[PDB]
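J.: Handing you a structure now.
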Amino acid sequence: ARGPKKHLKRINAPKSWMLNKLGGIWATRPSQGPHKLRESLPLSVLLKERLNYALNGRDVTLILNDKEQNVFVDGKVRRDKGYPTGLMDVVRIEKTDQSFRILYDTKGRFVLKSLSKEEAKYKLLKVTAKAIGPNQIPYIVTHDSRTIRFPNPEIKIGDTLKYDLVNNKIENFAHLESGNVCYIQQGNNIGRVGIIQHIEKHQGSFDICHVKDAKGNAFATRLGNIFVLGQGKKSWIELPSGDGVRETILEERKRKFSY
Amino acid sequence: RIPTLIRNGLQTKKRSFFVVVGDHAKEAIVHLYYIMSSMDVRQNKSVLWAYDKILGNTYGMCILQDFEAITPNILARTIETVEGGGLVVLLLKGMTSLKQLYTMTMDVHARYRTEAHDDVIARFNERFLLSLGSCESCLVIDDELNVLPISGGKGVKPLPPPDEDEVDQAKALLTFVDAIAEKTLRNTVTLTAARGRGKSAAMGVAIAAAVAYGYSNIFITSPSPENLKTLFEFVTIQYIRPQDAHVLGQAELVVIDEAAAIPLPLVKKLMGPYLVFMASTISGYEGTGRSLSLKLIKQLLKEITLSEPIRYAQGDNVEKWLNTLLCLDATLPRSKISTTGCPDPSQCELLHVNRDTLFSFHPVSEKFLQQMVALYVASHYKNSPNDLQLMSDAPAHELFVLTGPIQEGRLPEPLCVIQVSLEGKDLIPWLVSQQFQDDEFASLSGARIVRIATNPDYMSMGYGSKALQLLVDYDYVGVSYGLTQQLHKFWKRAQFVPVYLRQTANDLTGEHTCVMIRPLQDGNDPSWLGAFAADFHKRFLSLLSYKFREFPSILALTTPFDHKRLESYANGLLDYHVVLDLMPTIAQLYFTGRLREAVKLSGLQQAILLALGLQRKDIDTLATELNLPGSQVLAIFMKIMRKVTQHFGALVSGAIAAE
RNA sequence: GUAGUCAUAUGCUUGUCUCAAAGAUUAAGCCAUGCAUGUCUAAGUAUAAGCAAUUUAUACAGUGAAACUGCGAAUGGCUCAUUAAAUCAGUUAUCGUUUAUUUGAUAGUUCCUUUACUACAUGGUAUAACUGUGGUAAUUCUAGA
RNA sequence: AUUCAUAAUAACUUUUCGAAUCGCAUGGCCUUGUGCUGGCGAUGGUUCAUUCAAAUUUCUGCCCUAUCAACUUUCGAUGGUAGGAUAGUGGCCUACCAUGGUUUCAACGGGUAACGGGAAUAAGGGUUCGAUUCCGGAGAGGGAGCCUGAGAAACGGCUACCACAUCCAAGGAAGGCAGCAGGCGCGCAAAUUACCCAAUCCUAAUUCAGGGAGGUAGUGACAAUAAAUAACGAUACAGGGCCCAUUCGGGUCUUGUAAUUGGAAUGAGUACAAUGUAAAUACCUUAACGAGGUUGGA
């Protein structure tokens, strides 16, 4: 192909953005950042269609360009129409001191969870890779594309850390092993939260995992899609749509219109 | 406005002079832009801008930029090129200021005057104003004229309608031309006319009209080329120039275009072997004087003349304008228009008059100078307005006239005229220093006798010398002429001393041009004369051999300097022949030089220097051997000269190169 | 047979209402006429009132002219014309290959001259732009100051 | 999984590296000039992975055909190897040789103008989608070579060549819009060279650049739809009716006013802002203000 793509089509932009089909023809294309294209929510989407603080396109252009700084992502200022806010992030709306979790539904739509000045401090990080680099030093990396220097050594590659944004400090981690709580970042099963049952590795190039939860449903997904929302039953963050558990179309009806 | 008028003009086949006078930018430039868009004989016009190559073509509309300078020849030539409905837009300086205009502003075209700075030329402006002012024919648009009245044009305005314009040649082609009779059929015909008459076209007709097989085959010759294009285009025409022409005799009817230009010797011989049509232009710029034309004809002639222009209708006011401005009119040789005229009888009286005569119009007025001009101009082989302008405005112009009986305001015509042109401080004052030894020669002053002429009826009276004596009577005097044993003695008898004999036969006369000086002041002029004369003495052998014609230099009569000359060729631009001949300084140098004088050194282009100078090898020949591109040959010759000088004396050459 | 043709067939022609289609289809007939990827300051370059437009930073205000920049101008968009080919689909990580983009991170060992290291009160240039001098049927022309 | 790293390690590399940034923030520190104080970013570099990628790449699948039997090896048909290219994998080649091996499961091979093909519901049914190809290779006179660069087999960069193919003061000096429209043509076949970048998308340098995106129209049975547009009623006056199959019988009985009543029927203009082309935003939707004239048979 000519070179590298550079736009994005209304029609082609993820169902996670709950986008306007009739809308236009395009859609703000996520900027190369911390999260992958599909797994992200560009700010313009976050304020216009989400919060609804903005509206028309120029509305954003003001907000992120205005010399006041109205948007914060993980304790930092952002002024990019399409910064890819990803899973388990913390976004603050300066002018109102609003704090949000970037989390998927139970139906897989990006949801905004309101946090208390309390959780707004800690953010959950999942461990990408772990190896030693320059001059005998250990480095850990998080999905959030965080690069960590001198990390606690009791941390295996597929771990989950709790991060104190305020001090850029770590605390209480927890690997994925039979008996923990987890969130699935993507898949025919995303947005779910349950107890890890067991992890059968097949090495041939793809390991799998099982899970249980509230109504004790059986879940199946690939490791790469498991995010440890916590150690031993206690979750670490407040979940959207009540608990991370979806209902039969049948259970939804009976709960709402009670059929 | 003028666009309507333009329509009338092309319909009439006439042209008009549109004078734009005013500020350079204001009237001149902007108006020209507007006129181009507006005036459309066709859509717009070619509007060639002039500020020789152009003649075969014709153009609708043109502009002549006299704002700084006026070259009259160019103006006349430009007009001849313009088609029917065309307008010649003359760009002039502000009208009130024009006459004086020229000074600091100056007539830049002053190449006639050739003072360091250009000057006024008021007289010419005055003559111009007279012709322009005389009648309604020329349109004068002056600045600060919010509205200019345009006589003529759409609506009723001044310009009496001429008939739509659209036999003389036909009467002439075969017709006057059928040369068969008790008298010989083979003879020489000479058709003469002003420019644009159709002489060439007439001459072209005969070419085919005689058919190869059929009427017969023809031939054609001409001087330095001249537009061969019309004749042949109108035409078996083949062309071999006269000299090359001298080869073999094939044809029944020879045609020579503007033969007057060709040497009498060469021309005469050629006319003998066949039957010919002789064409010659007169009564215009770069034409031939009618006085000379008669002498030329006498050498034979069936002469015929064509009166009407092919390109425009007769009576074209533009053409009338230029003729009058330029003083095209010839009448004095046959006769003057008055009680007197024609031969000038009575005792000849010698007198001088100044340029000032030009302004006054009374006794001694524009007329006296005009008459003098007509006479000298008439007697010359070629006529040119540069002469006229020079006569009018140029400083340092002095005249002497030989006149017949003078009494009342109107008397008989002049017998003779002498035009002296100060020179110093072209021709006698440009070359004495390039060609001679003293770098300084250009500095002094002298008066060249540009033109001397005695009415043919009056000749051999001694009036000619009488004219010269009057010139001296009340640094030196000089003259340049085609060398003739006869003419030289005239000048020698005049008291001139032979200065130089150049290399190239006059293209027109066929004789080599010599220069002579009549020493007025001893301080340096007799010195320059004698010194040059001596130099010529040393050079004499060199010249004779070089001439090819190898004519010995009688002239009017029955070294360290060489080093300077040599350096000038080596270090500078002086030309080869100047240094070279068989043996001027250059051959002198080769004899002495141990170097390649032979195959490489000596003096000239070929073996670089020797092969051309000694061998007389062709430029083309040595360029090949030497493997030079051409032009480079001269450079090599110069380099060779430098080398020889250095070998002779390094220190001397260095100083000479330096200063 | 039946007429009809709920056959057309086109062949005749009339309030208020719109989710609203129209030289890929022929030849992958192209440029009439119309037309055309450049650009900004917290930010890199502007005149001690000849960019200069004010106005009085004031040793460098804006303010911009122009340039320098520095960027994209490998994007598409129309085009099978091909193509029986992995084209393409899945279906490969690439111990086999390259990588702007984006972050993240981030870098004490440069002498050690035999520290006038000079001494960094951070170098040198170079140039435009710029004033001008031009040229030429005439350039995205171009000359030379 | 490593000869992996990231180690070193020496050497030895015309080889790097390494903010002569600018921006506000200069008030705290001591000093008192000082030394700082740099704050903070802008402006860099560094390598790594950071998406960016591509780029390979196994592993299923184009029409028919055995009347395809056989195929493929001079340098590749194979292996394997030396190198060299390749940016970097590769017979890709330099070699150098291996003879390879493909194949009736038809292989060699042939023949199908072939450019080329995503959603979801759903007892059953209901239905439907993405939107004229999601997907996805090869053209931008011919040829050539070259171009940018993170990044082109660079169409729309060149050149130069060819060709066309053009302006001309003679001289030189053009020019390839299947990214549009347009006229020819073609000639099967279809609307002004609308309005805006109002969105929503685009690019993009620190803003609000620019967006031939997009949008908006119109045109436009286009396919069209819709299917709703003079009747409601006052009176008189009354001939007798008027129909039948009718042949005569029968049926019985309003019917004409080219008579006199009905509401301030209604249509059409006028602010009317406007979902509204922030301008289409008066054209919508209002609102009102006003305001009825085929046939046959003499």
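These protein sequences, in sequence, are chains A and B. The C-terminal position of the first sequence is numbered 260 in the numbering used here, with every residue numbered one higher than the one before it. The C-terminal position of the second sequence is numbered 814 in the numbering used here, with every residue numbered one higher than the one before it. Beta carbons are placed, not taken as given, at the ideal position from N, Cα and C, and that holds for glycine.
(1) Comparing C-alpha positions only, which one of B:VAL652, B:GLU381 and B:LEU408 sits nearest to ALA688 (chain B)?
(2) Helix, strand or coil: which one does DSSP assign to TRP585 (chain B)?
(3) Can you tell which of A:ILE141, A:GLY159, A:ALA132 and A:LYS163 has the C-alpha that lies nearest to the C-alpha of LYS122 (chain A)?
(4) Is DSSP giving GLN198 (chain B) helix, strand or coil here?
(5) If you follow the beta strand (DSSP E) that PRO653 (chain B) is in, where does it begin and where does it stop?
(6) Considering only their Cβ atoms, is the gap separating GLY83 (chain A) from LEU44 (chain A) smaller than 8 angstroms?
(7) Comparing C-alpha positions only, which one of A:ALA28, A:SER41, A:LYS96 and A:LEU38 sits nearest to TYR54 (chain A)?
(8) Taking 8 angstroms as the threshold, find out whether the region 344-351 of chain B comes into contact with the region 198-206 of chain B through three or more Cβ pairs.
(9) Quick one: grab the DSSP three-state call for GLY164 (chain B).
(10) Can you tell which of A:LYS127, A:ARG59 and A:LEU104 has its C-alpha closest to the C-alpha of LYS157 (chain A)?
(11) Determine the DSSP secondary structure at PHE258 (chain A), reduced to helix, strand or coil.
(12) Using a threshold of 8 angstroms, state whether the C-beta atoms of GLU553 (chain B) and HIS517 (chain B) are closer than that.
(13) Taking the alpha-carbon of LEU764 (chain B) as reference, which of B:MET796, B:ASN782 and B:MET738 has the nearest alpha-carbon?
(14) Would you tell me roughly how many angstroms separate the C-alpha atoms of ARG162 (chain B) and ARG352 (chain B), rounded to the nearest one?
(15) At 3 residues or longer, what runs of the beta strand (DSSP E) sit wholly inside the region 98-139 of chain A?
(16) Mind checking whether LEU481 (chain B) and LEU543 (chain B) have CB atoms under 8 angstroms apart?
(17) Determine, using beta carbons only, whether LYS49 (chain A) and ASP60 (chain A) come nearer to each other than 8 angstroms.
(18) Excluding the 5 residues preceding and the 5 following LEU625 (chain B) in the sequence, name in chain order all residues of the same chain whose CB lies nearer than 7 angstroms to its CB.
(19) Select from B:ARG156, B:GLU238 and B:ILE234 the residue whose C-alpha is nearest the C-alpha of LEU165 (chain B).
(20) What residues are listed by DSSP as bridge partners for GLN70 (chain A)?
(21) Report yes if the CB atom of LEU759 (chain B) is closer than 8 angstroms to the CB atom of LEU735 (chain B), and no otherwise.
(22) Cβ atoms of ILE225 (chain B) and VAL244 (chain B): under 8 angstroms apart, would you say?
(23) Using only alpha-carbon positions, find the residue among B:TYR631, B:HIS401, B:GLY496 and B:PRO315 that is nearest to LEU160 (chain B).
(24) Return helix, strand or coil for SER600 (chain B), following the three-state DSSP convention.
(25) Give me the Cα-Cα distance between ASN301 (chain B) and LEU247 (chain B), rounded to the nearest whole angstrom.
(26) Residue range of the alpha helix (DSSP H) that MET433 (chain B) falls in?
(27) Label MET259 (chain B) either buried or exposed according to how many other C-beta atoms from any shown protein chain fall within 10 Å of its C-beta, with 16 as the threshold for buried.
(28) Considering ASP318 (chain B), what are the terminal residues of the alpha helix (DSSP H) in which it resides?
(29) In the DSSP assignment, find the alpha helix (DSSP H) that holds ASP717 (chain B) and state where it starts and stops.
(30) For the beta strand (DSSP E) that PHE220 (chain A) lies in, which residues bound it at each end?
(31) Given a cut-off of 8 angstroms, decide if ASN478 (chain B) and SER171 (chain B) are closer than it, judged by their beta-carbon atoms.
(32) Since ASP499 (chain B) and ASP612 (chain B) are thought to touch, with beta carbons under 8 angstroms apart, how far apart are those beta carbons, to the nearest angstrom?
(33) Pick out the complete beta strand (DSSP E) segments inside the region 332-372 of chain B, 3 residues or longer, and give them in chain order.
(34) For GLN70 (chain A), tell me which candidate among A:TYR260, A:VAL167, A:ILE94 and A:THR86 has the shortest Cα-Cα distance.
(35) Quick one: using the 10 Å Cβ neighbour count with 16 as the cut-off for buried, is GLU814 (chain B) buried or exposed?
(36) Give a yes or no on whether the C-beta atoms belonging to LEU570 (chain B) and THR609 (chain B) are separated by under 8 angstroms.
T.: Walking through what the data contain:
(1) Position 533 of the second sequence holds residue 688 (chain B). Nearest option by C-alpha distance: B:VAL652.
(2) Working through the second sequence from its first residue, we reach residue 585 (chain B) at position 430. Reduced to three states, the DSSP call for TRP585 (chain B) is coil.
(3) Within the first sequence, numbered from 1, the residue matching residue 122 (chain A) stands at position 121. Comparing C-alpha distances from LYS122 (chain A) to each of A:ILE141, A:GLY159, A:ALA132 and A:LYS163 shows the shortest one belongs to A:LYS163.
(4) The count along the second sequence starts at 1 and reaches residue 198 (chain B) at position 43. Coil.
(5) Position 498 of the second sequence, counting from 1, holds the residue named residue 653 (chain B). Unbroken beta strand (DSSP E) run through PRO653 (chain B): 652-660.
(6) Position 43 of the first sequence, counted from the start, is the residue given in the question as residue 44 (chain A). Position 82 of the first sequence, counted from the start, is the residue given in the question as residue 83 (chain A). It is a contact, given that the beta carbons lie within the stated cut-off.
(7) As a position in the first sequence, residue 54 (chain A) is number 53, starting the count at 1. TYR54 (chain A) has its Cα closest to that of A:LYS96, out of A:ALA28, A:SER41, A:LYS96 and A:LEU38.
(8) Counting Cβ pairs under 8 angstroms, fewer than three are found: no touch.
(9) Counting from 1 along the second sequence, the entry for residue 164 (chain B) is found at position 9. Residue state, collapsed to three classes: helix.
(10) Translated into positions along the first sequence, residue 157 (chain A) becomes position 156. The closest CA to that of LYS157 (chain A), considering only A:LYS127, A:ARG59 and A:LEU104, is found on A:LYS127.
(11) Along the first sequence, read from residue 1 onward, the residue named residue 258 (chain A) stands at position 257. Three-state DSSP puts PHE258 (chain A) in coil, outside helix and strand.
(12) Translated into positions along the second sequence, residue 553 (chain B) becomes position 398. Translated into positions along the second sequence, residue 517 (chain B) becomes position 362. No, these two residues do not count as a Cβ contact at 8 angstroms.
(13) Here residue 764 (chain B) refers to the residue found at position 609 of the second sequence. The shortest C-alpha separation from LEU764 (chain B) is found at B:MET796.
(14) Here residue 162 (chain B) refers to the residue found at position 7 when the second sequence is read from its first residue. Here residue 352 (chain B) refers to the residue found at position 197 when the second sequence is read from its first residue. Using only the alpha carbons, I get a separation of about 24 angstroms.
(15) 99-105, 111-115 and 123-134
(16) As a position in the second sequence, residue 481 (chain B) is number 326, starting the count at 1. As a position in the second sequence, residue 543 (chain B) is number 388, starting the count at 1. Yes.
(17) Sequence index remark: in the first sequence, residue 49 (chain A) carries index 48 (1-based). Sequence index remark: in the first sequence, residue 60 (chain A) carries index 59 (1-based). For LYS49 (chain A) and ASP60 (chain A), yes; Cβs fall inside 8 angstroms.
(18) On the second sequence, position 470 is the one that residue 625 (chain B) refers to. So the qualifying residues of the chain are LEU505, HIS507 and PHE555.
(19) Translated into the one-based positions of the second sequence, residue 165 (chain B) becomes position 10. The residue with the shortest Cα to Cα distance from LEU165 (chain B) is B:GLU238.
(20) Position 69 of the first sequence, counted from the first residue, corresponds to residue 70 (chain A). According to DSSP, which records beta bridges pairwise, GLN70 (chain A) is partnered with nothing at all.
(21) Position 604 of the second sequence holds residue 759 (chain B). Position 580 of the second sequence holds residue 735 (chain B). It is a contact, given that the beta carbons lie within the stated cut-off.
(22) Counting from one through the second sequence, the residue named residue 244 (chain B) turns up at place 89. Counting from one through the second sequence, the residue named residue 225 (chain B) turns up at place 70. Contact flag unset, no.
(23) Within the second sequence, numbered from 1, the residue matching residue 160 (chain B) stands at position 5. Measuring C-alpha to C-alpha distances from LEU160 (chain B) to each of B:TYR631, B:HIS401, B:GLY496 and B:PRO315 identifies B:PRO315 as the nearest.
(24) If you number the second sequence from 1, residue 600 (chain B) lands on position 445. In the structure shown, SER600 (chain B) sits in a strand (DSSP, three-state: E or B).
(25) As a first step, residue 301 (chain B) must be located in the second sequence, where it is residue number 146. As a first step, residue 247 (chain B) must be located in the second sequence, where it is residue number 92. Going by the C-alpha atoms only, they are around 18 angstroms apart.
(26) Here residue 433 (chain B) is taken as the residue at index 278 of the second sequence, counted from 1. Here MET433 (chain B) belongs to no alpha helix (DSSP H); instead the beta strand (DSSP E) covers 431-436.
(27) Looking up residue 259 (chain B) in the second sequence gives position 104. Exposed: under 16 other Cβ atoms inside 10 Å.
(28) Counting from one through the second sequence, the residue named residue 318 (chain B) turns up at place 163. First-last for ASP318 (chain B): undefined, no H or E at that position.
(29) The residue you call residue 717 (chain B) lines up with position 562 of the second sequence. Counting along the chain, the alpha helix (DSSP H) containing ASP717 (chain B) begins and ends at 715-726.
(30) Locating residue 220 (chain A) in the first sequence gives position 219, where the first residue counts as 1. Per DSSP, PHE220 (chain A) belongs to the beta strand (DSSP E) from 220-223.
(31) Locating residue 171 (chain B) in the second sequence gives position 16, where the first residue counts as 1. Locating residue 478 (chain B) in the second sequence gives position 323, where the first residue counts as 1. For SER171 (chain B) and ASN478 (chain B), no; Cβs fall outside 8 angstroms.
(32) Locating residue 499 (chain B) in the second sequence gives position 344, where the first residue counts as 1. Locating residue 612 (chain B) in the second sequence gives position 457, where the first residue counts as 1. The pair is a contact, with the Cβ atoms about 7 angstroms apart (cut-off 8 angstroms).
(33) 343-348
(34) What you label residue 70 (chain A) is simply residue 69 of the first sequence in a count that begins at 1. Considering only alpha carbons, the answer is A:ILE94.
(35) Position 659 of the second sequence, counted from the first residue, corresponds to residue 814 (chain B). Exposed, since its Cβ has fewer than 16 Cβ neighbours within 10 Å.
(36) Here residue 570 (chain B) is taken as the residue at index 415 of the second sequence, counted from 1. Here residue 609 (chain B) is taken as the residue at index 454 of the second sequence, counted from 1. Yes, Cβ-Cβ distance for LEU570 (chain B) and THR609 (chain B) is below 8 angstroms.
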